[PDB]
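*Asks:* Below is a structure I'd like to ask you about.
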Amino acid sequence: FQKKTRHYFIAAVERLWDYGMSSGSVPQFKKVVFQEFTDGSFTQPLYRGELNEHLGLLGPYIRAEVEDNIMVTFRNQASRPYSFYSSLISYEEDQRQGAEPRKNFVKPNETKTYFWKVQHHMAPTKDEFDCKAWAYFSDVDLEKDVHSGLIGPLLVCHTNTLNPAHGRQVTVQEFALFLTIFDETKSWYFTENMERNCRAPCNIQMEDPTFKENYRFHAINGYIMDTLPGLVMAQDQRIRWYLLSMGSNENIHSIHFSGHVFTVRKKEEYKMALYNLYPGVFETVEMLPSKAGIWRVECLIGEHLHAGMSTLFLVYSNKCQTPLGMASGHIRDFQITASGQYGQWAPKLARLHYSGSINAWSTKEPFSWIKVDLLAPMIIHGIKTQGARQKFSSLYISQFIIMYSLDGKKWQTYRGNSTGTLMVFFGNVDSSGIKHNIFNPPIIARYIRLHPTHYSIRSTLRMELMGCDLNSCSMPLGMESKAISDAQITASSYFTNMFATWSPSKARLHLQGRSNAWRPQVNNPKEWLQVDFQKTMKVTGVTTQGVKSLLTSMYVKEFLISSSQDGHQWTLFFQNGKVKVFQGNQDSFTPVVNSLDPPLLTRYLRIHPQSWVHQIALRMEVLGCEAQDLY
Amino acid sequence: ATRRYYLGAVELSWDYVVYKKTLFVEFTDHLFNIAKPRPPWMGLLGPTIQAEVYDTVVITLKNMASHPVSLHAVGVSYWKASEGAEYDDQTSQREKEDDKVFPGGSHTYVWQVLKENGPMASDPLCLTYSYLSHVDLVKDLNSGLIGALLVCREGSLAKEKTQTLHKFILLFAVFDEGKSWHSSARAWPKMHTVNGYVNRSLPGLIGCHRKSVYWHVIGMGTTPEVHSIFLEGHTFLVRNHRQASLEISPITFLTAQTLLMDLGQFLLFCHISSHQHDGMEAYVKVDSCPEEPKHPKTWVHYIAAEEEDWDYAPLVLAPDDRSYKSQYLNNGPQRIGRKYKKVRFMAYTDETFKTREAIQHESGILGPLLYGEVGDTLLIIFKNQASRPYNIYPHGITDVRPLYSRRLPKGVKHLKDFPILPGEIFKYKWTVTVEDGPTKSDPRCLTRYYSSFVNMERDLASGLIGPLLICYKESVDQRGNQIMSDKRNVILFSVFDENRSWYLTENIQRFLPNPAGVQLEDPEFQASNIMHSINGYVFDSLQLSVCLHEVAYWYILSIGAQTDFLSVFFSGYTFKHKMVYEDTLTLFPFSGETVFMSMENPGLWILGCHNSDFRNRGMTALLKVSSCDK
Ligand SMILES: *[C@@H]1O[C@H](CO)[C@@H](O[C@@H]2O[C@H](CO)[C@@H](O)[C@H](O)[C@H]2NC(C)=O)[C@H](O)[C@H]1NC(C)=O
Ligand SMILES: *[C@H]1O[C@H](CO)[C@@H](O)[C@H](O)[C@H]1NC(C)=O
Ligand SMILES: *[C@H]1O[C@H](CO)[C@@H](O)[C@H](O)[C@H]1NC(C)=O
Ligand SMILES: [Ca+2]
Ligand SMILES: [Cu+2]
Ligand SMILES: [Cu+2]
């Protein structure tokens, strides 16, 4: 086992503070930040990857093991000269000097490079956690250069805890949180007051009730409206939080995570619900967020919450993963706007498995792409990609990058875990190369673009998408797997003779047999089918289908639904007006992505067939999970 | 088991003749019928609700108020069909209705303790947690919605049906009636105090004497407003990390315990200058009981209290009107390096109080370094040699009695009271026992101090300070006693407020030239004597000499500089306080804490404090490091 000398080519720049969410007069701000670069030629901005964009308005992670080497080759690009500084900044020896100028001063465009053994001084212990947390900042003016914007995180780890894959991850997933209350009586703000907000309509409020950051700034980074971005995590892979409060002498912040609890180490490990962060106390704490769905972090301190801490975080299950609907989707959903053409057109028809000669996407275009409006912010875990087949020609796409938009306006590229600059994806190899790609960290988007990086004869594609809703649990409730017993379903009545028993206990999304579905004794609209969950459930929607009776076709064309808590009296389903006329089947086979506007919370679900084909015939399935149990 | 708590929330009128709120009721309803546990310690408190590791609690709140009011937990898990917290957690129709109980509503509550939120292997038998209400966090609170919520291991219903425990919930809380539900003319809204028991108000009950009493203590407020709480006996649970005085901030709860002596209803401070006047108080009647139907050292100190002169900034001086530092000292004419007349403790050789004790020009103003391990006895023989009379009391030990007798100076209720005039000498006995010393957890030497107590700071501020060290047992045995135990060294973070000093205008006829305009009480002049310093030395005035590879403990405290706390600095250096490694020490105004440090970073280091609004008002020193010899 070895030691490593890990440099970090890092600098200090500016841009600053955006708000635009929903909650336009918005102000420009021009504070300073740290920024990680690519090498000594300080060029590549080093795109902030999906895995660490929570970091956002502060500096990049600097990381080391025990018996290690830390190095910083630093360039300043700004007005007021700044500097790197933390605790273990173990300088060395002595000099022919005048009372020891040990002053660290980094003038603009000059390069001050420093590097030092990171002794067990900075290390966490056998009593402690897999990693401790430390701050770096500019010490030119520790007072101002903190409201200015040179907050930075530093991680010091046990030996054999990091990776080739950069950073750590042995059931890890880390996040830093940077709670200050920024203020601009600090750092060059003069070049803001009369830079923006003022021209010939000026001379309004000098320092009287104007307080422009006690008008706003209550940081959890500086994406701290009442919403900052990158809090993505798997509802198990137990997450370590790096809480470091900074600022002034009112900057106590007492943070917690609703409906979650975490453990802190010290002497031992003892369990806690919220932590009075202090200025200068760099907390590490871990938790196992075993409650799925969508939550938030808030500094519980009354007046702090009410001007910017209610800042969301999301937990998904990864036991949720259904095809997002490319067979079961949207007849001719979305495609492109010029990228894509060849008679036998683009999507319109670029789905996975689509049989025929006129089948899939098709463009001899060096600059190409396709676009899917998922019609809602969605979790996308992966993408099954495949190719087509020509005259006698094997043609497919061999390489691709994946961009996404959550909004439609500002896009960007992708950086699946710790890759490089840009996440290069490997295509197919033939005309049936189903190369199910998974998104290492997931993606939350509404739009996805696929861009070819090499093709066969034409940039040629057919594809499906993996994922599901934030957690509207788009996962089969148990009709298919038969987690719901044959006992657990009755119907209004069942057809039965000798050569058949089309009992309710058969209504199953794909079921073969002689009597392979549910059928009512006779045909009435006031006829129904009833699932009983032996507990209280949440529902996305019911997947319907008909039967192949070897006789003739049989399926249900339109239906209604009813809900109950008691299981003996029924409050049925509604639109925004009258009852919901449900868009049902049209064949012996083929299922129906038929879901519900208000997710229905119930335990007794009844299907109400309205219009049908030849007889009323049902093979089906429910999608969902469960909230609380009954009460 | 499966627990239910059918209790809604109400509007009530409050008192101890000023101020009426909205509370958190207690009642057995299906409608609106009386039901009360509250008599004693229960102030404004939704009933202390208790659930064990594996259980499932069902609060159903019936709302009655002009208020839209919620119910929201902490330390517990639940479904997005509770939480009781409005904001877009995506939440379908019925999943948001928990988030805000529309005024005069009604809603059920789904609460779970899993294994993952029960209390850790080794810590508090039973965890401190509260139950809030948040629609408008600021409003819902200051108004008066808060209750206690406890959670702990498999056995309350079964091992408190058979076990005896003395436990209360003390709600250290600061409601501000200007931030209430509520909104010529001269008298705008106010309060600030414990359990809801104002000013000096007292609540209710006590616990038995010969054993221990546990309190789940819930910190409160709607602002960053720190406290520091005391009474007699040590308050040793934090973990079994063993603490001088419960120290409470914004929103805080961990849970702590103490022992007892007898009936003496013990005094209950918030003990800070600002919070004081409008402060928190309560008693404790410690009564008799229902349930019965290489040895120890002997230390010696001859100390005198004695008047001298103090130059806060001798070594370095460079003033005019040239700075904020230029302004300091005597805001008339005189204003250079700053000289005042102080009265600091100083020890002598023997009863013949003659031989000057060679001083420690690093401890500046500080008293002689007092030390005594568990088991020892301090015979502290004390002369006043300053006109305006004072005494000596150690914040630390509890067995402090005049040497020879168990008398009380002919008249007073206890020694930190009135005794010792100019001239006269008193022989005091300080006996130190295991209870006031460290433990198998702490450091081995907790940090404490002695003030004088004839006046509080109208004493202290004028110079009456000295470091008291209480320690674990050891002598050529125990741990770390084979070649040497490297010396003891103290830093004291102190703002001296000359503006209060018992040498007030004495000092103005002195250093200040002419009182020919005898001006007093002023904007800038009052600020001109608030002396933020470390050991009297200020503005990088006498730093400290040390060297590299050298290694020993620092003992540090905050005294006199109150109203606020101190995060404390040390450039490039890092310490092992509480056997973790942190780089900054947060310090209250009680604040006794004990760090440890491997000195091996050669150079100038700007020791000060992590707060950059005093370290400019002075409040910094330097430290030097370079190889030695031996
Ligand atoms: C208890 O509260 C009352 C509230 O009025 C305090 O009374 C006055 O407080 C003002 C503060 O502006 C002071 O100027 C006076 O000392 C008080 N005047 C009166 C009329 O008594 C009172 O100080 C509090 N009691 C305590 C613990 O001292
Ligand atoms: C180098 O950096 C600083 C940034 O403010 C500035 O002084 C100077 O203009 C820069 N040099 C260039 C781009 O010529
Ligand atoms: C990428 O990072 C995530 C983070 O937890 C991890 O789960 C995944 O295994 C990593 N990808 C690889 C190396 O397959
Ligand atoms: Ca909710
Ligand atoms: Cu806060
Ligand atoms: Cu107080």
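All residue names refer to the structure tokens as shown: chains lettered A, B, ... in order, residues numbered from 1 in each chain, ligands numbered from 1 in order.
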Could you list the residues in chain B lying within 7 Å of chain A, using only C-alpha atoms, and format the result as a count of residues only?

*Replies:* 38

*Asks:* If we count only C-alpha atoms, what is near stretch 458-469 of chain B at a cut-off of 8 Å, once residues fewer than 2 positions away on the same chain are taken out, given as a short mmCIF file (atom, residue, chain, number, x, y, z; two decimals) with N, CA, C and O atoms, in the first residue's frame?

*Replies:*
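Generated file (around-v8.cif):
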```
data_model
loop_
_atom_site.label_atom_id
_atom_site.label_comp_id
_atom_site.auth_asym_id
_atom_site.auth_seq_id
_atom_site.Cartn_x
_atom_site.Cartn_y
_atom_site.Cartn_z
N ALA B 305 -5.29 40.48 48.26
CA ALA B 305 -5.86 41.32 47.22
C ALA B 305 -5.17 42.67 47.36
O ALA B 305 -5.03 43.17 48.48
N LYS B 342 -5.65 49.34 38.96
CA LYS B 342 -6.42 48.12 39.22
C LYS B 342 -6.12 47.47 40.58
O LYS B 342 -5.21 47.88 41.31
N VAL B 343 -6.92 46.46 40.92
CA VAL B 343 -6.73 45.66 42.13
C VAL B 343 -6.75 44.16 41.79
O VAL B 343 -7.81 43.53 41.76
N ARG B 344 -5.57 43.60 41.54
CA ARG B 344 -5.47 42.17 41.25
C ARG B 344 -4.95 41.36 42.43
O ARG B 344 -4.07 41.81 43.18
N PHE B 345 -5.53 40.17 42.60
CA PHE B 345 -5.02 39.17 43.52
C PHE B 345 -3.52 39.01 43.35
O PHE B 345 -3.01 39.02 42.23
N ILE B 365 -2.60 40.28 34.54
CA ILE B 365 -3.50 40.59 35.63
C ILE B 365 -3.84 39.38 36.51
O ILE B 365 -4.15 39.54 37.69
N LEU B 366 -3.74 38.17 35.93
CA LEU B 366 -4.26 36.94 36.56
C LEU B 366 -3.70 36.60 37.92
O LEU B 366 -2.53 36.85 38.19
N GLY B 367 -4.55 36.03 38.78
CA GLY B 367 -4.16 35.62 40.13
C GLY B 367 -3.19 34.45 40.07
O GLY B 367 -2.99 33.88 39.00
N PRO B 368 -2.59 34.08 41.22
CA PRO B 368 -1.68 32.93 41.28
C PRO B 368 -2.38 31.64 40.85
O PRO B 368 -3.58 31.47 41.14
N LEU B 369 -1.66 30.74 40.17
CA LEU B 369 -2.29 29.53 39.60
C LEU B 369 -2.68 28.50 40.65
O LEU B 369 -1.84 27.78 41.18
N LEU B 370 -3.97 28.42 40.94
CA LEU B 370 -4.43 27.52 41.99
C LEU B 370 -4.73 26.13 41.48
O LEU B 370 -5.33 25.98 40.42
N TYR B 371 -4.32 25.14 42.26
CA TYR B 371 -4.35 23.73 41.84
C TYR B 371 -4.62 22.82 43.03
O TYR B 371 -4.14 23.06 44.14
N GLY B 372 -5.43 21.80 42.79
CA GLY B 372 -5.73 20.76 43.77
C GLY B 372 -6.47 19.58 43.15
O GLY B 372 -7.58 19.75 42.61
N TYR B 390 -12.81 43.35 49.95
CA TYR B 390 -13.24 42.19 49.13
C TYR B 390 -13.10 40.82 49.84
O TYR B 390 -12.83 40.78 51.05
N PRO B 394 -13.95 30.15 45.15
CA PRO B 394 -13.70 29.35 43.98
C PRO B 394 -14.99 28.81 43.35
O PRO B 394 -15.75 28.09 44.00
N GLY B 396 -16.13 26.16 41.42
CA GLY B 396 -15.54 24.82 41.25
C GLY B 396 -15.86 23.87 42.40
O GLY B 396 -16.71 22.99 42.27
N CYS B 445 -8.11 17.42 33.82
CA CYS B 445 -8.01 18.66 34.56
C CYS B 445 -9.00 19.70 34.11
O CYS B 445 -8.68 20.50 33.23
N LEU B 446 -10.19 19.73 34.70
CA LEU B 446 -11.19 20.71 34.26
C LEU B 446 -10.81 22.13 34.65
O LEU B 446 -10.10 22.35 35.64
N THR B 447 -11.27 23.10 33.85
CA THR B 447 -10.88 24.48 34.06
C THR B 447 -11.93 25.29 34.79
O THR B 447 -13.12 25.23 34.49
N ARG B 448 -11.45 26.02 35.78
CA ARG B 448 -12.29 26.80 36.66
C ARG B 448 -11.47 28.01 37.12
O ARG B 448 -10.37 28.23 36.63
N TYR B 449 -12.01 28.78 38.07
CA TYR B 449 -11.43 30.06 38.45
C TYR B 449 -11.95 30.51 39.79
O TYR B 449 -12.97 30.00 40.26
N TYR B 450 -11.25 31.50 40.37
CA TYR B 450 -11.75 32.27 41.53
C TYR B 450 -11.88 33.77 41.24
O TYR B 450 -10.97 34.40 40.71
N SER B 451 -13.06 34.31 41.55
CA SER B 451 -13.32 35.74 41.53
C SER B 451 -13.30 36.16 42.99
O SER B 451 -13.04 35.32 43.87
N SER B 452 -13.54 37.44 43.27
CA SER B 452 -14.03 37.83 44.59
C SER B 452 -15.50 38.17 44.49
O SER B 452 -15.99 38.49 43.41
N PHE B 453 -16.19 38.13 45.63
CA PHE B 453 -17.66 38.18 45.63
C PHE B 453 -18.34 39.19 46.58
O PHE B 453 -19.55 39.06 46.85
N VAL B 454 -17.60 40.19 47.07
CA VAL B 454 -18.23 41.27 47.83
C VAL B 454 -19.19 42.03 46.88
O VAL B 454 -20.37 42.20 47.19
N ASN B 455 -18.69 42.44 45.71
CA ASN B 455 -19.54 42.83 44.57
C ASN B 455 -19.26 41.89 43.41
O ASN B 455 -18.24 41.20 43.43
N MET B 456 -20.15 41.82 42.41
CA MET B 456 -19.93 40.82 41.37
C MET B 456 -18.81 41.17 40.40
O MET B 456 -17.78 40.49 40.37
N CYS B 471 -8.34 18.62 39.37
CA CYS B 471 -7.74 17.51 38.61
C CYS B 471 -7.85 16.11 39.19
O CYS B 471 -7.96 15.91 40.39
N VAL B 490 -1.97 29.30 31.40
CA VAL B 490 -3.36 29.78 31.31
C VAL B 490 -3.60 31.04 30.49
O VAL B 490 -2.96 32.06 30.69
N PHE B 496 -12.58 43.80 30.41
CA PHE B 496 -12.68 44.57 31.63
C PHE B 496 -13.39 45.89 31.35
O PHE B 496 -12.94 46.68 30.51
N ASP B 497 -14.51 46.11 32.05
CA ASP B 497 -15.33 47.29 31.80
C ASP B 497 -15.07 48.37 32.84
O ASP B 497 -15.88 48.57 33.76
N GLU B 498 -13.95 49.06 32.67
CA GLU B 498 -13.50 50.08 33.61
C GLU B 498 -14.67 50.94 34.07
O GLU B 498 -14.69 51.40 35.22
N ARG B 500 -17.25 50.33 35.27
CA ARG B 500 -17.94 49.82 36.43
C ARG B 500 -16.98 49.64 37.59
O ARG B 500 -17.42 49.39 38.72
N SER B 501 -15.68 49.80 37.32
CA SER B 501 -14.62 49.41 38.27
C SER B 501 -14.64 50.23 39.56
O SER B 501 -14.86 51.44 39.54
N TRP B 502 -14.41 49.54 40.68
CA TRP B 502 -14.44 50.15 42.00
C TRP B 502 -13.35 51.22 42.21
O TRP B 502 -13.07 51.64 43.33
N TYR B 503 -12.77 51.66 41.09
CA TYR B 503 -11.74 52.68 41.03
C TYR B 503 -12.14 53.64 39.91
O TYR B 503 -11.29 54.19 39.20
N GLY B 560 -15.89 38.08 32.38
CA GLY B 560 -16.16 39.54 32.27
C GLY B 560 -16.68 40.07 30.94
O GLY B 560 -17.54 40.95 30.92
#
```

*Asks:* Compute the set of protein, DNA and RNA residues whose minimum atom distance to ligand 1 is at most 8 Å, using only C-alpha atoms and all ligand atoms, and state it as a PDB file with C-alpha atoms, in the first residue's frame.

*Replies:*
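Once written, part.pdb looks like this:
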```pdb
ATOM      1  CA  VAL B 198     -41.080  35.485  34.354  1.00  0.00           C
ATOM      2  CA  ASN B 199     -38.819  38.050  35.949  1.00  0.00           C
ATOM      3  CA  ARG B 200     -38.307  36.146  39.214  1.00  0.00           C
ATOM      4  CA  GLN B 276     -30.293  39.126  34.051  1.00  0.00           C
ATOM      5  CA  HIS B 277     -32.670  42.019  34.972  1.00  0.00           C
ATOM      6  CA  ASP B 278     -35.452  40.415  32.828  1.00  0.00           C
ATOM      7  CA  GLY B 279     -34.168  36.913  33.610  1.00  0.00           C
TER       8      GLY B 279
END
```

*Asks:* Output the neighbourhood of ligand 6 as a ChimeraX atom specification, that is, all protein and nucleic acid residues with some atom at most 6 Å from the ligand, counting only C-alpha atoms and all ligand atoms.

*Replies:* /B:227,270,272,275

*Asks:* For those residues, write N, CA, C and O atoms to a file as a PDB file, in the first residue's frame.

*Replies:*
```pdb
ATOM      1  N   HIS B 227     -27.852  31.538  26.378  1.00  0.00           N
ATOM      2  CA  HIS B 227     -27.914  31.603  27.854  1.00  0.00           C
ATOM      3  C   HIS B 227     -26.756  30.815  28.503  1.00  0.00           C
ATOM      4  O   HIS B 227     -25.831  30.400  27.807  1.00  0.00           O
ATOM      5  N   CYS B 270     -29.701  32.576  35.008  1.00  0.00           N
ATOM      6  CA  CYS B 270     -29.370  32.678  33.600  1.00  0.00           C
ATOM      7  C   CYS B 270     -27.971  33.284  33.544  1.00  0.00           C
ATOM      8  O   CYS B 270     -27.281  33.208  32.534  1.00  0.00           O
ATOM      9  N   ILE B 272     -26.153  36.031  33.072  1.00  0.00           N
ATOM     10  CA  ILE B 272     -25.467  36.918  32.126  1.00  0.00           C
ATOM     11  C   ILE B 272     -25.957  38.349  32.387  1.00  0.00           C
ATOM     12  O   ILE B 272     -27.098  38.550  32.811  1.00  0.00           O
ATOM     13  N   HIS B 275     -29.319  39.402  30.076  1.00  0.00           N
ATOM     14  CA  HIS B 275     -30.510  38.582  30.278  1.00  0.00           C
ATOM     15  C   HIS B 275     -31.007  38.698  31.716  1.00  0.00           C
ATOM     16  O   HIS B 275     -32.193  38.526  31.988  1.00  0.00           O
TER      17      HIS B 275
END
```

*Asks:* Within 10 Å of stretch 347-354 of chain A, counting only C-alpha atoms, which residues qualify if same-chain residues fewer than 4 places away don't, as number ranges by chain?

*Replies:* A: 325-327, 329-336, 340-341, 358-362, 370-372, 384-388, 432, 434, 460-465

*Asks:* Name all residues at most 12 Å from residue B:614 (count only C-alpha atoms; drop same-chain ones fewer than 3 positions away) and give them as a ChimeraX atom specification.

*Replies:* /A:143,248-249 /B:324-325,493-495,530-534,538-539,561,564-568,608-611,617-620

*Asks:* Hey, what's within 7 Å of residue B:260 if we count only C-alpha atoms and toss same-chain stuff fewer than 6 positions away? As a ChimeraX atom specification, please?

*Replies:* /B:209-212,233,286

*Asks:* Hey, which residues come within 6 Å of ligand 2 if we count only C-alpha atoms and all ligand atoms? Could you give them as a count of residues only?

*Replies:* 5

*Asks:* Report as an MDAnalysis selection string all protein, DNA and RNA residues lying within 10 Å of residue A:233, evaluated on only C-alpha atoms, omitting residues in the same chain fewer than 6 positions from it.

*Replies:* chainID A and resid 51 173:175 239 289 313:318 441:442

*Asks:* I'd like the neighbourhood of residue B:127 as a PyMOL selection string, where a residue qualifies if any of its atoms comes within 7 Å (using only C-alpha atoms), though same-chain residues fewer than 4 positions away should be ignored.

*Replies:* chain B and resi 119+150-152+255

*Asks:* Counting only C-alpha atoms and all ligand atoms, name the residues that have an atom within 8 Å of an atom of ligand 4; the answer should be given as a PyMOL selection string.

*Replies:* chain B and resi 79-87+89+91+95-99

*Asks:* Output the selection as a short mmCIF file (atom, residue, chain, number, x, y, z; two decimals), in the first residue's frame - N, CA, C and O atoms for each residue.

*Replies:*
```
data_model
loop_
_atom_site.label_atom_id
_atom_site.label_comp_id
_atom_site.auth_asym_id
_atom_site.auth_seq_id
_atom_site.Cartn_x
_atom_site.Cartn_y
_atom_site.Cartn_z
N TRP B 79 -44.46 9.64 7.90
CA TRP B 79 -44.78 9.70 6.49
C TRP B 79 -45.03 11.12 6.07
O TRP B 79 -45.41 11.95 6.91
N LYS B 80 -44.86 11.40 4.78
CA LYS B 80 -45.16 12.72 4.23
C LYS B 80 -46.66 13.08 4.44
O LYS B 80 -47.07 14.22 4.19
N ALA B 81 -47.43 12.12 4.95
CA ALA B 81 -48.82 12.32 5.42
C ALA B 81 -48.93 12.72 6.92
O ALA B 81 -49.99 12.61 7.56
N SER B 82 -47.80 13.16 7.45
CA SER B 82 -47.73 13.95 8.66
C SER B 82 -46.68 15.00 8.36
O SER B 82 -46.84 15.78 7.43
N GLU B 83 -45.59 14.98 9.12
CA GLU B 83 -44.57 16.03 9.03
C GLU B 83 -45.12 17.32 9.63
O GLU B 83 -44.54 17.85 10.58
N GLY B 84 -46.24 17.80 9.10
CA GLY B 84 -46.94 18.97 9.63
C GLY B 84 -46.24 20.26 9.26
O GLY B 84 -46.27 21.25 9.99
N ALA B 85 -45.60 20.23 8.09
CA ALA B 85 -44.73 21.31 7.66
C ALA B 85 -45.01 21.70 6.22
O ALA B 85 -44.75 20.93 5.29
N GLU B 86 -45.53 22.91 6.03
CA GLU B 86 -45.98 23.35 4.72
C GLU B 86 -44.81 23.87 3.89
O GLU B 86 -43.97 24.60 4.39
N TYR B 87 -44.80 23.46 2.62
CA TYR B 87 -43.78 23.80 1.62
C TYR B 87 -43.97 22.66 0.65
O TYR B 87 -44.57 21.65 1.03
N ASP B 89 -43.30 19.66 -0.59
CA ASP B 89 -42.73 18.31 -0.63
C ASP B 89 -43.53 17.46 -1.62
O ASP B 89 -43.79 16.27 -1.39
N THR B 91 -46.09 16.15 -2.52
CA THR B 91 -47.30 15.85 -1.77
C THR B 91 -48.61 16.01 -2.53
O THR B 91 -49.01 17.12 -2.90
N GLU B 95 -51.83 14.60 1.20
CA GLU B 95 -50.52 14.54 1.84
C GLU B 95 -50.03 15.91 2.34
O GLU B 95 -49.05 16.00 3.09
N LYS B 96 -50.72 16.97 1.91
CA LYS B 96 -50.40 18.34 2.34
C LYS B 96 -51.28 18.85 3.50
O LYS B 96 -50.87 19.76 4.23
N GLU B 97 -52.46 18.25 3.69
CA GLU B 97 -53.40 18.68 4.73
C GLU B 97 -52.88 18.55 6.17
O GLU B 97 -53.47 19.12 7.09
N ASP B 98 -51.79 17.82 6.36
CA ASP B 98 -51.13 17.73 7.65
C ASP B 98 -50.32 18.99 7.91
O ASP B 98 -50.10 19.37 9.06
N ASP B 99 -49.90 19.62 6.82
CA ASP B 99 -48.94 20.73 6.82
C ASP B 99 -49.45 22.04 7.47
O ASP B 99 -48.65 22.84 7.99
#
```

*Asks:* Based on the backbone DSSP call, show me all residues of stretch 284-423 of chain A assigned helix (DSSP H, G or I), as JSON, numbers by chain.

*Replies:* {"A": [302, 303, 304, 305]}

*Asks:* Assign secondary structure with DSSP using the backbone only, and return the residues of stretch 207-360 of chain B in strand (DSSP E or B) as JSON, numbers by chain.

*Replies:* {"B": [213, 214, 215, 216, 217, 230, 255, 256, 257, 258, 269, 298, 299, 300, 301, 302, 303, 304, 305, 306, 307, 310, 311, 339, 340, 343, 344, 345, 346, 347, 348, 356]}

*Asks:* Please compute the atom CA of residue B:598-atom CA of residue B:540 distance, one decimal, in Å.

*Replies:*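 Interatomic distance, atom CA of residue B:598 to atom CA of residue B:540: 22.9 Å.
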
*Asks:* Give the residue list for ligand 3 at 9 Å, counting only C-alpha atoms and all ligand atoms, as a PyMOL selection string, sorted by chain and then by residue number.

*Replies:* chain A and resi 51+165+168-173+233-234+237+416-419+439-441

*Asks:* Kindly export the residues of the current selection with C-alpha atoms, as a PDB file, in the first residue's frame.

*Replies:*
```
ATOM      1  CA  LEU A  51     -22.346  14.592  -8.197  1.00  0.00           C
ATOM      2  CA  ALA A 165     -12.468   6.708  -8.848  1.00  0.00           C
ATOM      3  CA  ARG A 168     -14.543   7.997  -1.649  1.00  0.00           C
ATOM      4  CA  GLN A 169     -17.804   6.069  -1.985  1.00  0.00           C
ATOM      5  CA  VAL A 170     -17.653   2.809   0.069  1.00  0.00           C
ATOM      6  CA  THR A 171     -21.384   3.162   0.865  1.00  0.00           C
ATOM      7  CA  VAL A 172     -20.687   6.919   1.151  1.00  0.00           C
ATOM      8  CA  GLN A 173     -22.252   9.798  -0.831  1.00  0.00           C
ATOM      9  CA  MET A 233     -29.390  10.513  -2.740  1.00  0.00           C
ATOM     10  CA  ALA A 234     -30.330   6.810  -2.664  1.00  0.00           C
ATOM     11  CA  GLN A 237     -26.531   4.277   0.560  1.00  0.00           C
ATOM     12  CA  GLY A 416     -21.862  10.471 -14.713  1.00  0.00           C
ATOM     13  CA  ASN A 417     -19.873   9.753 -11.587  1.00  0.00           C
ATOM     14  CA  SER A 418     -16.329  11.215 -11.510  1.00  0.00           C
ATOM     15  CA  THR A 419     -15.732  10.559 -15.241  1.00  0.00           C
ATOM     16  CA  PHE A 439     -27.031   6.837 -15.219  1.00  0.00           C
ATOM     17  CA  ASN A 440     -24.468   6.321 -12.404  1.00  0.00           C
ATOM     18  CA  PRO A 441     -25.785   9.209 -10.458  1.00  0.00           C
TER      19      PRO A 441
END
```

*Asks:* Smallest atom-to-atom distance to ligand 5: which of A:521, A:413, A:245, A:73, using only C-alpha atoms and all ligand atoms?

*Replies:*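 The closest residue to ligand 5 is A:245.
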